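In what follows, a structure is listed as structure tokens, so that the remarks can point back to it.
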Protein chains: 2
Amino acid sequence: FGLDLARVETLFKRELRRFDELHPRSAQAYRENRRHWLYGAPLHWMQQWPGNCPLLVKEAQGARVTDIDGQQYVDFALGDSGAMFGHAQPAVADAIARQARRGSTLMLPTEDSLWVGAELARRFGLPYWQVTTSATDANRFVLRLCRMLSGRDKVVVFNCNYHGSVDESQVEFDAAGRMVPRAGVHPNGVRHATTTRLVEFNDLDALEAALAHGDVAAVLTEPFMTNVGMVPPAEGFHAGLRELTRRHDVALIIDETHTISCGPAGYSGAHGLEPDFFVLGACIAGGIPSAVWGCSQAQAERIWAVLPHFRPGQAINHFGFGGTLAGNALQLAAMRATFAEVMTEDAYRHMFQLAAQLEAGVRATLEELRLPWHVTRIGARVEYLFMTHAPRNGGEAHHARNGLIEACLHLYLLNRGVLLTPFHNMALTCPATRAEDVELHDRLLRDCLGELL
Amino acid sequence: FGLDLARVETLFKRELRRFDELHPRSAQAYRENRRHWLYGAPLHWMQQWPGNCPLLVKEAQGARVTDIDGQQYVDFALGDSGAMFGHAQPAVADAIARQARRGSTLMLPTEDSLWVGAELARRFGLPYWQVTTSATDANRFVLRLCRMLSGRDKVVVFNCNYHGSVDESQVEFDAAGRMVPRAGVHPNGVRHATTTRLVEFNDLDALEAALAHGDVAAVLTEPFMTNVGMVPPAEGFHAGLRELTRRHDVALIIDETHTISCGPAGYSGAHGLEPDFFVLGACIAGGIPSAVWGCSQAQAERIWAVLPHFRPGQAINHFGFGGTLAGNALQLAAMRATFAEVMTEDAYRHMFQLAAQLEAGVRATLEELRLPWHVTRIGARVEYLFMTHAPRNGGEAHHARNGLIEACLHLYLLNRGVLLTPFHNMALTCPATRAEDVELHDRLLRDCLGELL
Ligand SMILES: Cc1ncc(COP(=O)(O)O)c(CN)c1O
Ligand SMILES: Cc1ncc(COP(=O)(O)O)c(CN)c1O
């Protein structure tokens, strides 16, 4: 990847010691938290920050975070996209506070459901919606409905996808091109040959071959892959994807959990995609676990034919989906505030300006230092990969990832006041991001790469 | 069931007309919401309230709810247990408001994680915890870890369980005693013969026969079944369950999502159970979708051997579980407030007194009217069933449920200012419930049954 991995190790060791010296109170907190949390924090992923422990946060507002050692950071991680519009958005926090004081979960709708439903239909151009407690659940429940309406069992996913803890998606290609369980993800009693057909992104011949078996209920995909570095769709790919799925009467599910960074109506709204189902995760509810999914008129009619509107005195049933806190008053209050006051044309304009500045700065550094790396941007989200050209598919992109280089870069920036999500080589801008924050990121990255070369 | 179903239908029809006359603004809201929500509300379950639409709530506090038609209710539904300690608990609402203003989701811990981890271990007597966004997910993830640590693929569940949208659990016995997909729940590409062994509750011989196959990773169960009416464990059942699972080296997972009504340490704490894993849902976080799960040190050691603590520079991985907003600052703030200020010995003392009064009143009515029905209480939760004696298992209990009778009773009470969850014949008391509220419930139920007989 253009770096001497021995030099990377040397710097990494120095930065691990620097981390220890700078963050003693977080380290002390980690010692205590390891006594009661299985992986030393409430979520096991939090153990994967670089350095010897995750930081304990004291407070965060906008794109600023302060830890319990008093260190201040510019935050380009933004809760690993869960806080994509910034921390403590005043309208959203106020809406949450107000609604908590007048009922957070009633198993009933409130007036906010009226406004939000209409807004979803307007913004995203699909007529009918439902709410879940996570993007994973939206994907799981949509897949269930697709199996119900189609009578087919398999889902098509793309190599190196991520769609949440959707067991049927947890596959990859081995060296012989065989579909096997994803590395480090136990098959969990699933026999994926019975549930899943795997294809590389940007491969219409392979997609046609998968669908031709006639056992595929749905294709599930991001419109632009974001969970193995960034893989843009090729020229003509979306047209072909949409045509092939129509020809085979297969549902097309577009997951915009990350690609909502492309604009106020997502990638689908910018590019005239025609999803059968549309999934969007928790950036919309201010840190309250949430997601929405929507469907076309044609899919709604098919769903109602297999699951009719409930009749008075009918036996109660969940039908295998929904959840007890799904669609609750608190979620809907936060969504209303977010769509009305946060996800505006002006917000996206600001985010794009700063993200374009950040992208251009990274690109200048890579070009100056002659690194065989590249940088890609989708709206507010910028990510680099350790290969010369944009990957044609997820398989290619996976080979350009390296845990040591990533950890070293991330830690070097963390120790100097910039937080990047540990799971990607990405930076996310929000309405509270400032030009000086981009300048700091740019300088530190140039400094780090400079020390390595 | 002791009632003429024809008289039940006649009253139900009258009460549906009464509902229309009393709730015109909710009906208008439903017409609008049907334009944009697939099932006319954010969650399809909300369509299953009795009456011709779900009520739209204006505000709720304690055990009081006011709808948009200005109708006031005593709430014994409490968000179908999601708000089991009452609506708008001041400490919890304040904690949510405070934390929203200083970062809701950071992919990092805060000082509240220290306090909550220690509190969970103290309260529930298991040392190691994790947080999810739902009880469903806690169950799914525990099952995954059990398959990983055991190398076995099957889970034992009990007939007429409910553990959330856990696909492997969605089975029942047919008339021939065959394990088949649960009625109305599509198998969803799961071949349950490969994932699941089904047994009736309170049947140690059948449980032994299931476990003897040597392919069971875990037994998943409520300690007292609450999702098919109430099924108490028989004398000696828990001792036998614990002994058999130990002998076969099978994980025992106790799901207290509802049975937390038994006391501040759940049924397990009251009755000295010894779970390997313990699951508790969203009642603990004030309407923020949440759950916790805990495990013994012995299970933790087996898990760490198959999923080691993360090493510096290791390739990032979700490992098939966790979630982006799981274990977030907002959840942990709400949990801290709930455990410190709400789920106290004094709160439960009040809840028990009022629930005992409610139980005694229901029992008196059933005995006076000579109905072949009975009532059961577990702590704050009271439920009746349309059979003479307590059911020995879920199979028996299922036969004593009737959608029409349930809808009629629920609607009669709703039209006279008492909300009961539409999915059960249950009432839940909280710290804000008053004796006069219980008296109103008691009178209306007696009035309704009186009109029917
Ligand atoms: C594209 C995509 N879809 C779905 C999910 C699942 O989201 P969650 O972890 O909130 O369920 C993620 C994770 N952010 C994602 O990146
Ligand atoms: C015993 C039990 N376990 C798990 C769940 C799942 O909870 P959720 O719908 O919040 O995932 C439920 C639903 N109340 C339940 O009753």
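Basis: the model, the stated rules and, where named, an outside source; nothing here is a laboratory result. Cβ: placed from backbone, ideal geometry, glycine included. Neighbour counts: every protein chain shown.
For this structure, a couple of remarks:
- Within segment B:304-328, considering residues that are touching a residue at least 12 places away in the same chain (Cβ under 8 Å) and more than 7 Å from chain A (Cβ to nearest Cβ), the one nearest to A:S290 (Cα to Cα): B:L307
- When segment B:275-294 is limited to residues that are small (G, A, S) and part of a helix (DSSP H, G or I), the one that is nearest to the other protein chains (Cβ to nearest Cβ) turns out to be B:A282.
- Test set (1) more than 16 Å from ligand 1 (Cβ to nearest atom); (2) more than 7 Å from chain A (Cβ to nearest Cβ); (3) of a type in the set (G, A, S) - B:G117 fails condition number: (2)
- Qualifying residue in segment A:343-351 (condition: polar (S, T, N, Q), touching a strand residue (DSSP E or B) at 6+ places or on another chain (Cβ under 9 Å), surrounded by fewer than 24 Cβ atoms within 10 Å (Cβ to Cβ) and in a loop (DSSP other than H, G, I, E, B)): no
- Search result, residues across segment A:227-263 that are in contact with a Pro (Cβ under 6 Å, 6 or more places away or on another chain) and assigned to a helix (DSSP H, G or I): A:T259
- Residue check, B:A333 within 22 Å of A:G103 (Cβ to Cβ), buried (at least 18 other Cβ atoms within 10 Å of the Cβ), within 14 Å of chain A (Cβ to nearest Cβ) and away from ligand 1 (no atom under 16 Å from the Cβ): yes
- Identity of the residue in segment B:408-427, closer than 21 Å to B:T66 by Cα and in a helix (DSSP H, G or I), that ends up nearest to the other protein chains (Cβ to nearest Cβ): B:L411
- Against the numbered list (1) over 29 Å from B:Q314 (Cβ atoms); (2) under 18 Å from the mean Cα position of the chain (by Cα), A:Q357 comes up short only at (2).
- Residues satisfying the stated conditions in segment B:212-225, i.e. free of Cβ contacts under 8 Å to residues at least 60 places away in the same chain and crowded, with 23+ Cβ neighbours inside 10 Å: B:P223
- Among the candidates B:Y39, B:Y128, residue that is free of Cβ contacts under 8 Å to residues at least 24 places away in the same chain, at the interface with chain A (Cβ under 8 Å from one of its Cβ atoms) and among the hydroxyl-bearing types (S, T, Y): B:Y39
- Failed item, numbered, when A:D69 is tested on (1) at the interface with another protein chain (Cβ under 9 Å from one of its Cβ atoms); (2) touching a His at 6+ places or on another chain (Cβ under 6 Å): (1)
- Comparison of A:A60, A:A27 shows that the only residue that is closer than 29 Å to B:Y128 by Cβ and either within 18 Å of the chain's Cα centre (by Cα) or more than 7 Å from every other protein chain (Cβ to nearest Cβ) (or both) is A:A27.
- Within segment A:139-167, being part of a helix (DSSP H, G or I) and under 22 Å from A:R246 (Cα atoms) holds for A:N139, A:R140, A:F141, A:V142, A:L143, A:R144, A:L145, A:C146, A:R147, A:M148, A:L149, A:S150.
- Every residue from segment A:359-376 that is free of Cβ contacts under 8 Å to residues at least 24 places away in the same chain and outside any helix (DSSP H, G or I): A:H374, A:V375
- For segment B:56-66, a residue qualifies if it is in contact (Cβ under 8 Å) with a residue 40 or more places away in the chain and surrounded by 24 or more Cβ atoms within 10 Å (Cβ to Cβ), and the qualifying residues are B:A63, B:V65.
- Test: residue in segment A:100-119 that is more than 26 Å from B:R35 (Cβ to Cβ) and crowded, with 18+ Cβ neighbours inside 10 Å: yes
- Residue within segment A:217-230 that is outside the structural domain of A:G403 (by CATH) and over 26 Å from the mean Cα position of the chain (by Cα) present: no
- Flag if A:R140 is basic (K, R) and either out of contact with any strand residue (DSSP E or B) (no Cβ under 7 Å at 6 or more places or on another chain) or surrounded by fewer than 21 Cβ atoms within 10 Å (Cβ to Cβ) (or both): yes
One line per residue, one yes/no per condition, for (1) away from chain B (no Cβ under 14 Å); (2) small (G, A, S); (3) without any contact (Cβ under 8 Å) to a residue 24 or more places away in the chain:
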site: A:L145; (1), (2), (3): no, no, no
site: A:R152; (1), (2), (3): no, no, no
site: A:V155; (1), (2), (3): no, no, no
site: A:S169; (1), (2), (3): no, yes, no
site: A:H192; (1), (2), (3): no, no, no
site: A:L198; (1), (2), (3): yes, no, no
site: A:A210; (1), (2), (3): yes, yes, no
site: A:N227; (1), (2), (3): no, no, no
site: A:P232; (1), (2), (3): yes, no, no
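- Leading residue by the ranking (surrounded by the most Cβ atoms within 10 Å (Cβ to Cβ)) among those in segment A:88-99 that are assigned to a helix (DSSP H, G or I) and either facing chain B (nearest Cβ under 7 Å) or hydrophobic (A, V, I, L, M, F, W, C) (or both): A:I96
- Filter result for B:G151 (more than 20 Å from the chain's Cα centre (by Cα) and in the same structural domain as B:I284 (by CATH)): yes
Residue-by-condition table, conditions (1) more than 16 Å from ligand 1 (Cβ to nearest atom); (2) crowded, with 21+ Cβ neighbours inside 10 Å; (3) assigned by CATH to the domain that holds B:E439:
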residue: B:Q299; (1), (2), (3): yes, yes, no
residue: B:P308; (1), (2), (3): yes, no, no
residue: B:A340; (1), (2), (3): yes, no, no
residue: B:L369; (1), (2), (3): yes, no, yes
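- Test: residue in segment B:385-404 that is under 29 Å from B:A88 (Cα atoms), crowded, with 20+ Cβ neighbours inside 10 Å and not assigned by CATH to the domain that holds B:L204: no
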